[PDB]
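So you can see what is in the structure, the chains are spelled out below.
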Amino acid sequence: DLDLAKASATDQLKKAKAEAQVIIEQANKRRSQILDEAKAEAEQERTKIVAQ
Amino acid sequence: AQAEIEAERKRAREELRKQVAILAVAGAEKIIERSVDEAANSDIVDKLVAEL
């Protein structure tokens, strides 16, 4: 019992760390989506004022 | 884009100046060749030989 409690308990944190990595990776990828959307729309904005 | 509009204004102003500029002399040539006479010729030649 003590060995299995140690094992199953300690594996939890090894597991959760990878999900902290999941969250940071998702964070940066959606961040890239933010920036790469705003850049293209600002491009079209400048082009609109230019045509005007 | 505030600079790329200004570059276009400067450039259009320049092209307009260019066209008016060439028309000025292209017209002046026709005016001269249409409005000369030997009195006008003599005046010029005699002015310029006097500084020869």
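Residues numbered from 1 in each chain as written, not as in the entry; some residues may be left out. Chains lettered and ligands numbered in written order. Part of a larger assembly, values for the part shown. Heavy atoms only, no water.

Per the deposited record, the coordinates in this entry were obtained by cryo-EM to a resolution of 3.2 Å.

Structural notes on the overall build of chain B
So the rule is basically this: Each helix is a run of H or I in the DSSP string that is no shorter than four residues. Each strand is a run of E no shorter than two, and both are numbered from the N terminus. Radius of gyration here uses only the C-alpha atoms, and the compact-globule reference equals 2.2 Å multiplied by the residue count raised to the power 0.38. Per-residue and other accessible areas were derived by the Shrake-Rupley procedure at a 1.4 Å probe size, with only the shown protein chains allowed to occlude residues. In this tally, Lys and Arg are treated as positive and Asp and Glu as negative; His is ignored, and so are the chain termini. Charge placement uses NZ in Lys and CZ in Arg. For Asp and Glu, CG and CD serve respectively.
Looking only at helices and strands, chain B features two helices and zero strands. Relative to the globule expectation of 10 Å for 52 residues, the C-alpha radius of gyration of chain B, 20 Å, shows a markedly less compact shape. With the C-alpha coordinates aligned to their principal axes, the bounding extent of chain B is approximately 60 × 25 × 10 Å. With an accessible surface of roughly 5,100 Å², chain B has 58% of that area assigned to carbon and sulfur atoms. Separation of charge centres in chain B, based on 9 positive and 12 negative side chains, amounts to 10 Å.

Examining the overall build of chain A
The line we're drawing: For each residue, the accessible area found with a 1.4 Å probe, counting protein chains only, is set against the maximum for its type, and the residue is called buried under 20%, exposed over 50%, and partly exposed in between.
Counting its regular elements, chain A contains one helix and zero strands. Expected size for 52 residues packed as a compact globule is a radius of gyration near 10 Å; at 23 Å, chain A overshoots this value by more than 25%. When its C-alpha atoms are laid out on the principal axes, chain A stretches across 75 × 5 × 5 Å. Counting the 52 residues in chain A, one finds 0% classified as buried. Accessible surface, chain A as shown: approximately 4,800 Å² in total, 59% of it carbon and sulfur. Side-chain charges of chain A comprise 10 positive and 10 negative groups, with the mean position of each set lying 4 Å from the other.

Quick notes on a nonpolar patch on the surface
Residues and elements named next belong to chain B. To be explicit about the condition: Each patch is built from residues that are more than 30% exposed by relative accessible area and take part in no salt bridge. Like charges join if they lie within 9 Å; nonpolar side chains (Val, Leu, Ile, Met, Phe, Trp, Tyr) join within 5 Å. Each reported salt bridge corresponds to a side-chain nitrogen of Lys or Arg within 4 Å of a carboxyl oxygen of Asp or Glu.
On the surface, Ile44, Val45, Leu48, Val49 and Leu52 cluster together into a nonpolar patch covering about 490 Å² of accessible area. Note that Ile44 resides in helix α2 (residues 38–49). We classify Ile44 as exposed; its relative accessible area is 54%.

Some points on the pattern of salt bridges
Residues and elements named next belong to chain B. Scanning the entire structure with this criterion turns up five salt bridges over all chains. With its nearest N and O atoms 4.0 Å apart, the salt bridge here joins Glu6 to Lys10. Residue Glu6 and its partner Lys10 are located together in helix α1 (residues 2–34), separated by four residues, close to a single helical turn. Residue classification places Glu6 among the partly exposed residues on the basis of a relative accessible area of 38%. Measuring nitrogen to oxygen at the nearest pair gives 3.0 Å for the salt bridge that ties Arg17 to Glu14. Taken together, the positions of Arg17 and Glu14, both in helix α1 and three residues apart, correspond to about one turn of that helix.

Details of α2(B)
Filter applied, for reference: One less than the number of residues in a helix, times 1.5 Å, gives the span that helix is expected to have.
Counted at 1.5 Å a residue, the expected span for α2(B) with its twelve residues is 16 Å, and the 16 Å between its end C-alpha atoms agrees. Counted residue by residue, α2(B) has zero buried out of twelve residues, so it is predominantly exposed.

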